[PDB]
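Below is the file model_30.cif, which contains mmCIF, C-alpha atoms and all ligand atoms.
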data_run
loop_
_atom_site.label_atom_id
_atom_site.label_comp_id
_atom_site.auth_asym_id
_atom_site.auth_seq_id
_atom_site.Cartn_x
_atom_site.Cartn_y
_atom_site.Cartn_z
CA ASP V 3 47.26 143.47 107.73
CA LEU V 4 48.12 146.80 109.30
CA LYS V 5 45.96 146.20 112.38
CA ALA V 6 47.68 142.89 113.08
CA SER V 7 51.17 144.40 112.66
CA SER V 8 50.25 147.42 114.76
CA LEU V 9 49.10 145.30 117.67
CA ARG V 10 52.28 143.23 117.45
CA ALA V 11 54.45 146.38 117.31
CA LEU V 12 52.64 147.94 120.26
CA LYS V 13 53.45 144.92 122.45
CA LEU V 14 57.10 145.27 121.35
CA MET V 15 57.48 148.89 122.42
CA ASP V 16 59.88 150.28 124.95
CA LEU V 17 57.75 153.33 125.60
CA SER V 18 59.66 156.46 126.55
CA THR V 19 58.65 160.10 127.16
CA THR V 25 59.53 164.76 136.93
CA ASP V 26 57.57 162.15 138.82
CA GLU V 27 54.37 163.30 137.11
CA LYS V 28 55.90 162.51 133.71
CA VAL V 29 57.16 159.07 134.80
CA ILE V 30 53.80 158.23 136.31
CA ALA V 31 52.02 159.36 133.13
CA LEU V 32 54.40 157.26 130.99
CA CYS V 33 53.55 154.20 133.04
CA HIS V 34 49.82 154.89 132.59
CA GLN V 35 50.29 155.29 128.82
CA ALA V 36 52.10 151.93 128.66
CA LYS V 37 48.86 150.26 129.83
CA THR V 38 46.89 150.71 126.66
CA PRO V 39 43.34 149.72 125.73
CA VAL V 40 44.65 146.99 123.39
CA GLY V 41 47.47 145.73 125.65
CA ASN V 42 50.66 146.66 127.42
CA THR V 43 53.88 147.75 125.81
CA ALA V 44 56.81 145.41 126.46
CA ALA V 45 58.59 147.98 128.58
CA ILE V 46 58.93 151.59 129.60
CA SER V 47 62.25 153.44 129.29
CA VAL V 48 63.30 155.93 131.94
CA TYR V 49 66.42 157.45 133.41
CA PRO V 50 67.92 155.37 136.24
CA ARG V 51 66.78 157.70 139.00
CA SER V 52 63.13 157.22 137.92
CA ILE V 53 63.17 153.40 138.20
CA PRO V 54 61.82 153.17 141.81
CA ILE V 55 58.80 155.42 141.23
CA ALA V 56 58.10 153.73 137.91
CA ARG V 57 58.15 150.30 139.57
CA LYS V 58 55.73 151.46 142.24
CA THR V 59 53.42 152.95 139.62
CA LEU V 60 53.48 149.87 137.40
CA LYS V 61 52.68 147.69 140.43
CA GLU V 62 49.87 149.99 141.63
CA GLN V 63 48.19 149.86 138.20
CA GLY V 64 48.30 146.07 138.01
CA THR V 65 50.96 145.90 135.25
CA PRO V 66 53.95 144.36 137.07
CA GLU V 67 55.08 142.51 133.95
CA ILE V 68 55.83 145.71 132.02
CA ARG V 69 59.62 145.79 132.00
CA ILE V 70 61.66 148.75 133.15
CA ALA V 71 64.49 149.65 130.81
CA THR V 72 66.99 152.45 131.32
CA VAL V 73 70.06 153.94 129.65
CA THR V 74 73.73 154.20 130.66
CA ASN V 75 76.83 155.74 129.09
CA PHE V 76 74.17 157.89 127.52
CA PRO V 77 73.79 159.57 125.18
CA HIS V 78 77.47 160.26 124.49
CA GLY V 79 78.91 156.73 124.16
CA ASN V 80 82.14 157.84 125.83
CA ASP V 81 84.96 155.30 126.14
CA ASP V 82 85.44 155.44 129.90
CA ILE V 83 84.65 151.87 130.95
CA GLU V 84 84.67 152.65 134.67
CA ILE V 85 82.02 155.37 134.28
CA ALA V 86 79.85 153.22 131.98
CA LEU V 87 80.13 150.31 134.42
CA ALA V 88 79.34 152.40 137.50
CA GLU V 89 76.26 153.80 135.77
CA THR V 90 75.19 150.26 134.80
CA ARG V 91 75.66 148.91 138.34
CA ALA V 92 73.61 151.86 139.63
CA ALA V 93 70.87 151.15 137.07
CA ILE V 94 70.79 147.57 138.29
CA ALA V 95 70.69 148.65 141.96
CA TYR V 96 67.82 151.02 141.26
CA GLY V 97 65.86 147.98 140.00
CA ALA V 98 66.23 148.02 136.18
CA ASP V 99 65.00 144.97 134.25
CA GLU V 100 67.07 146.07 131.26
CA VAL V 101 69.95 148.44 130.60
CA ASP V 102 70.52 150.03 127.19
CA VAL V 103 74.21 151.06 127.18
CA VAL V 104 75.75 153.29 124.48
CA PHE V 105 78.63 151.63 122.65
CA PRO V 106 81.83 153.69 122.33
CA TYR V 107 81.20 154.40 118.68
CA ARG V 108 83.60 157.35 118.36
CA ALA V 109 86.34 155.07 119.73
CA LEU V 110 85.51 152.49 117.07
CA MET V 111 85.59 155.18 114.36
CA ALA V 112 89.06 156.02 115.68
CA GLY V 113 90.09 152.37 115.17
CA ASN V 114 89.75 151.18 118.78
CA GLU V 115 87.63 148.00 118.63
CA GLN V 116 89.01 146.73 121.94
CA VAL V 117 87.44 149.33 124.21
CA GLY V 118 83.94 148.67 122.73
CA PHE V 119 84.46 144.99 123.47
CA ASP V 120 85.68 145.62 126.98
CA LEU V 121 83.02 148.21 127.80
CA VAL V 122 80.14 145.98 126.65
CA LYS V 123 81.62 142.96 128.36
CA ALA V 124 82.02 144.71 131.72
CA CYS V 125 78.42 145.97 131.53
CA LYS V 126 77.08 142.59 130.38
CA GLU V 127 78.82 140.88 133.30
CA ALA V 128 77.16 143.24 135.76
CA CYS V 129 73.77 142.80 134.07
CA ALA V 130 73.97 139.00 133.83
CA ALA V 131 74.82 138.60 137.52
CA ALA V 132 71.51 140.37 138.30
CA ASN V 133 69.35 138.70 135.57
CA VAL V 134 69.15 142.05 133.72
CA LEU V 135 69.27 142.15 129.93
CA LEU V 136 71.80 144.37 128.23
CA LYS V 137 70.96 146.22 125.05
CA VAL V 138 73.83 147.92 123.20
CA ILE V 139 73.17 151.14 121.28
CA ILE V 140 75.68 151.39 118.45
CA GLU V 141 74.45 154.74 117.02
CA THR V 142 74.06 153.76 113.39
CA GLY V 143 73.39 157.38 112.49
CA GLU V 144 76.87 158.44 113.64
CA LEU V 145 78.72 155.34 112.36
CA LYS V 146 77.00 155.78 108.98
CA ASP V 147 79.16 153.33 107.07
CA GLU V 148 77.81 149.81 106.55
CA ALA V 149 81.10 148.14 107.55
CA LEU V 150 81.24 150.20 110.79
CA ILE V 151 77.63 149.30 111.61
CA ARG V 152 78.48 145.62 111.11
CA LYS V 153 81.67 145.81 113.15
CA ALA V 154 79.98 147.57 116.07
CA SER V 155 77.18 144.99 115.97
CA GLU V 156 79.74 142.18 115.86
CA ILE V 157 81.83 143.48 118.76
CA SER V 158 78.67 144.03 120.83
CA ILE V 159 77.45 140.46 120.18
CA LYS V 160 80.85 138.95 120.91
CA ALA V 161 81.03 140.87 124.18
CA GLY V 162 77.62 139.45 125.20
CA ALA V 163 74.95 141.99 124.10
CA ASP V 164 71.47 140.58 124.61
CA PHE V 165 70.17 143.14 122.12
CA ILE V 166 71.73 145.43 119.57
CA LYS V 167 69.94 148.73 119.18
CA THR V 168 70.23 151.29 116.39
CA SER V 169 70.19 154.64 118.13
CA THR V 170 70.01 156.86 121.19
CA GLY V 171 67.30 159.03 119.67
CA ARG V 172 69.51 162.07 120.50
CA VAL V 173 71.40 162.53 117.19
CA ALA V 174 70.07 163.73 113.86
CA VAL V 175 70.03 160.28 112.21
CA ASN V 176 68.38 157.38 114.03
CA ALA V 177 67.10 154.07 112.63
CA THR V 178 66.50 153.51 108.95
CA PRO V 179 65.21 150.33 107.25
CA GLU V 180 68.71 149.90 105.80
CA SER V 181 70.52 150.12 109.15
CA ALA V 182 67.93 147.81 110.69
CA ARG V 183 68.49 145.30 107.88
CA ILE V 184 72.28 145.48 108.24
CA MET V 185 72.11 144.88 111.98
CA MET V 186 69.70 141.97 111.74
CA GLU V 187 71.90 140.50 108.97
CA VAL V 188 74.75 140.51 111.47
CA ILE V 189 72.67 138.61 114.00
CA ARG V 190 71.86 136.05 111.29
CA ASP V 191 75.41 135.85 109.88
CA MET V 192 76.80 135.37 113.38
CA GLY V 193 74.24 132.66 114.02
CA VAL V 194 73.04 134.30 117.27
CA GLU V 195 69.34 134.88 116.52
CA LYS V 196 68.34 132.71 119.52
CA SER V 197 70.26 134.88 122.02
CA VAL V 198 70.39 138.35 120.48
CA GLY V 199 67.47 140.68 119.83
CA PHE V 200 67.20 143.83 117.72
CA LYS V 201 65.78 147.22 118.75
CA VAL V 202 64.73 150.06 116.46
CA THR V 203 64.97 153.56 118.00
CA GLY V 204 63.69 156.46 115.97
CA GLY V 205 62.89 156.37 112.26
CA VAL V 206 59.57 154.66 113.04
CA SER V 207 56.87 157.34 113.24
CA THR V 208 53.91 155.42 111.90
CA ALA V 209 52.07 152.11 111.97
CA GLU V 210 53.11 151.63 108.35
CA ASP V 211 56.76 152.16 109.27
CA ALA V 212 56.53 149.62 112.06
CA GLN V 213 55.07 147.04 109.71
CA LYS V 214 58.08 147.42 107.37
CA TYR V 215 60.60 147.00 110.16
CA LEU V 216 58.88 143.85 111.38
CA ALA V 217 58.72 142.55 107.81
CA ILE V 218 62.52 142.67 107.62
CA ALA V 219 62.73 140.46 110.73
CA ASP V 220 60.02 138.12 109.42
CA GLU V 221 61.91 137.66 106.13
CA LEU V 222 65.28 137.06 107.81
CA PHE V 223 64.21 134.85 110.74
CA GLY V 224 60.61 133.73 110.14
CA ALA V 225 57.44 135.31 111.55
CA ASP V 226 57.76 133.79 115.05
CA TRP V 227 61.17 135.27 115.76
CA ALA V 228 60.24 138.84 116.77
CA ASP V 229 58.84 138.32 120.27
CA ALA V 230 59.66 140.71 123.07
CA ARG V 231 62.94 138.89 123.84
CA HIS V 232 64.10 139.52 120.21
CA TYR V 233 62.50 142.74 118.97
CA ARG V 234 61.67 146.17 120.36
CA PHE V 235 60.57 149.60 119.11
CA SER V 236 60.91 153.10 120.51
CA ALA V 237 59.97 156.33 118.76
CA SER V 238 58.15 159.53 119.58
CA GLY V 239 54.62 159.49 118.22
CA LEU V 240 54.66 155.79 117.35
CA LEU V 241 52.32 154.65 120.13
CA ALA V 242 49.67 157.20 119.08
CA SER V 243 50.02 156.01 115.46
CA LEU V 244 49.63 152.34 116.44
CA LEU V 245 46.55 153.09 118.54
CA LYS V 246 45.02 155.10 115.73
CA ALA V 247 45.53 152.16 113.33
CA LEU V 248 43.74 149.99 115.90
CA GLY V 249 40.82 152.42 116.15
CA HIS V 250 41.70 154.21 119.42
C1 LIG M 1 67.22 153.86 123.51
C2 LIG M 1 66.73 154.57 124.64
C3 LIG M 1 66.63 155.85 124.61
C4 LIG M 1 66.05 156.66 125.68
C5 LIG M 1 65.93 158.05 125.63
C6 LIG M 1 65.35 158.75 126.67
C7 LIG M 1 64.93 158.03 127.79
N1 LIG M 1 64.32 158.71 128.89
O1 LIG M 1 63.72 159.75 128.68
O2 LIG M 1 64.36 158.16 129.96
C8 LIG M 1 65.02 156.65 127.87
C9 LIG M 1 65.59 155.98 126.80
#
Represent the structure of the file as structure tokens.
Ligand SMILES: *C/C=C/c1ccc([N+](=O)[O-])cc1
Amino acid sequence: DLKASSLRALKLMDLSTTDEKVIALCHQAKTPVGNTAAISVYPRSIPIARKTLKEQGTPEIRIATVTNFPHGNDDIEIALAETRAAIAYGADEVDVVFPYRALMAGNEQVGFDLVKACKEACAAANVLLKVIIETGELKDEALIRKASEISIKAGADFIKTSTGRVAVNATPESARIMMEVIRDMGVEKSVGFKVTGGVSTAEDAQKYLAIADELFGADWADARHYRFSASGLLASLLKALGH
């Protein structure tokens, strides 16, 4: 049932694209069939987004942002400072980029320490931390699993495929691998999964949700455990739903 999956996917979106653009994003998040789970903006845009969401009567739409982004550099102090600033701006959620090049160079420890430091900041402010591992740069299945594992161990609240800023973003395969790690680690209660990119259409979204359904059961993928972001996806979902 494409309509049923499209509605579910819509309510799982972190919708992402000046003040005019932020304000328009917020408006777009309030759709005729429901609200997206969140909007995603740069940290500096959080205050104006919060005001806009409030003014339009959608205060429960979450505000997510990005730090250590999009590079995934291995400077913990910079990543942490950015994350504290995101929090101070008013983020509900911070999507931090894992130091994936460092892991490809054999340094697992800095990924652990970077995620942990950011998680600690987030948790003290009741902010969720997503960790972007950049599956499209890691490429290798074992590296995708290791990055996922290190992120979970360090306290990620979500593991996320991609920044959306490299040539290769989510695929069904990388999504499967990452959700298999959640399952294999036994952390499906505490750790969500987010697809970024590779999900252009309603039909695509249905497939991604089906993976989660098959691994965890059909009730698992609520907004605390599953999110989507991709250019064009909202329009495709709305079209499936007749808008
Ligand atoms: C995973 C989040 C990616 C992303 C890209 C761009 C923006 N933005 O335009 O604010 C937010 C989040």
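Here atom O1 of ligand LIG 1 (chain M) is placed at a distance of 18.8 Å from CA of residue 91 in chain V.
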Could I get the residues of chain V with an atom no further than 6 Å from an atom of ligand LIG 1 (chain M), each paired with its nearest atom pair and that distance in Å to one decimal, using only C-alpha atoms and all ligand atoms, sorted by chain and residue number, as a Markdown table?
| residue | atom | partner | partner_atom | distance |
| --- | --- | --- | --- | --- |
| V:18 | CA | M:LIG1 | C8 | 5.5 |
| V:19 | CA | M:LIG1 | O1 | 5.3 |
| V:47 | CA | M:LIG1 | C8 | 4.5 |
| V:48 | CA | M:LIG1 | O2 | 3.2 |
| V:49 | CA | M:LIG1 | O2 | 4.1 |
| V:72 | CA | M:LIG1 | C8 | 5.8 |
| V:73 | CA | M:LIG1 | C9 | 5.7 |
| V:170 | CA | M:LIG1 | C1 | 4.7 |
| V:171 | CA | M:LIG1 | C3 | 5.9 |
| V:203 | CA | M:LIG1 | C1 | 6.0 |
Task: Pick from V:179, V:60, V:128, V:193 nearest to residue 216 in chain V, counting only C-alpha atoms - done: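 Ranked by minimum distance to residue 216 in chain V, first place goes to V:179.
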Open item on the list: Would you pick out the contacts of residue 123 in chain V at 9 Å or less, using only C-alpha atoms, so that residues sharing its chain but fewer than 4 positions from it are not included, and give the list as an MDAnalysis selection string?
Closed with: chainID V and resid 118:119 127:128 158 160:163
Emit the selected residues as an mmCIF file, in the frame of the given file, including C-alpha atoms.
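Okay, this is what ended up in selection.cif:
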data_model
loop_
_atom_site.group_PDB
_atom_site.id
_atom_site.type_symbol
_atom_site.label_atom_id
_atom_site.label_comp_id
_atom_site.auth_asym_id
_atom_site.auth_seq_id
_atom_site.Cartn_x
_atom_site.Cartn_y
_atom_site.Cartn_z
ATOM 1 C CA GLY V 118 83.940 148.670 122.730
ATOM 2 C CA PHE V 119 84.460 144.990 123.470
ATOM 3 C CA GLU V 127 78.820 140.880 133.300
ATOM 4 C CA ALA V 128 77.160 143.240 135.760
ATOM 5 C CA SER V 158 78.670 144.030 120.830
ATOM 6 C CA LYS V 160 80.850 138.950 120.910
ATOM 7 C CA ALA V 161 81.030 140.870 124.180
ATOM 8 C CA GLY V 162 77.620 139.450 125.200
ATOM 9 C CA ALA V 163 74.950 141.990 124.100
#
Open item on the list: Using only C-alpha atoms for the distances, tell me which of V:6, V:173, V:51, V:67 is nearest to residue 37 in chain V.
Closed with: V:67
Task: Within 9 Å of residue 137 in chain V using only C-alpha atoms, minus same-chain residues under 4 positions, as a VMD selection string - done: chain V and resid 100 to 104 126 163 to 167 199 to 201
Open item on the list: At a cut-off of 12 Å around the point (54.0, 147.2, 133.3) (file coordinates), what residues fall inside when counting all atoms listed in the file? I'd like the answer as a ChimeraX atom specification.
Closed with: /V:13,15-17,30,32-38,41-47,56-71,99
- [ ] Would you mind telling me which residue in V:213, V:208, V:238, V:114 lies nearest to residue 7 in chain V when using all atoms listed in the file?
- [x]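 Residue with the minimum atom-to-atom distance to residue 7 in chain V: V:213.
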Open item on the list: Counting all atoms listed in the file, which residues sit no farther than 7 Å from the position (77.4, 148.7, 120.0) in the file's frame? I'd like them as an MDAnalysis selection string.
Closed with: chainID V and resid 104:105 107 138:140 154:155 157:158 166
Task: Selection near residue 14 in chain V, 8 Å with only C-alpha atoms, sequence-local residues under 3 positions removed, as a PyMOL selection string - done: chain V and resi 10-11+43-45+229-230+233-235
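Remark: for residue 237 in chain V, the closest of the candidate residues V:93, V:130, V:12, V:112 is V:12 (distances computed over all atoms listed in the file).
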- [ ] Could you jot down the CA of residue 39 in chain V to CA of residue 207 in chain V separation for me, Å, one decimal place?
- [x]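 Atom-to-atom, CA of residue 39 in chain V to CA of residue 207 in chain V, that is 19.9 Å.
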- [ ] Go ahead and compute the interatomic distance for CA of residue 40 in chain V and CA of residue 53 in chain V, in Å to one decimal.
- [x] 24.6 Å
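The environment of residue 174 in chain V within 10 Å, counting all atoms listed in the file and disregarding residues fewer than 3 places along the same chain, consists of residues 143, 144, 171 and 204 of chain V.
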Could those residues be written to a file, using C-alpha atoms, as a short mmCIF file (atom, residue, chain, number, x, y, z; two decimals), keeping the file's coordinate frame?
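The resulting file, result35.cif, is reproduced below:
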data_model
loop_
_atom_site.label_atom_id
_atom_site.label_comp_id
_atom_site.auth_asym_id
_atom_site.auth_seq_id
_atom_site.Cartn_x
_atom_site.Cartn_y
_atom_site.Cartn_z
CA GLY V 143 73.39 157.38 112.49
CA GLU V 144 76.87 158.44 113.64
CA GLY V 171 67.30 159.03 119.67
CA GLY V 204 63.69 156.46 115.97
#
TODO: Would you please work out which residue, of V:192, V:149, V:29, V:206, is nearest to residue 169 in chain V when using only C-alpha atoms?
DONE: V:206
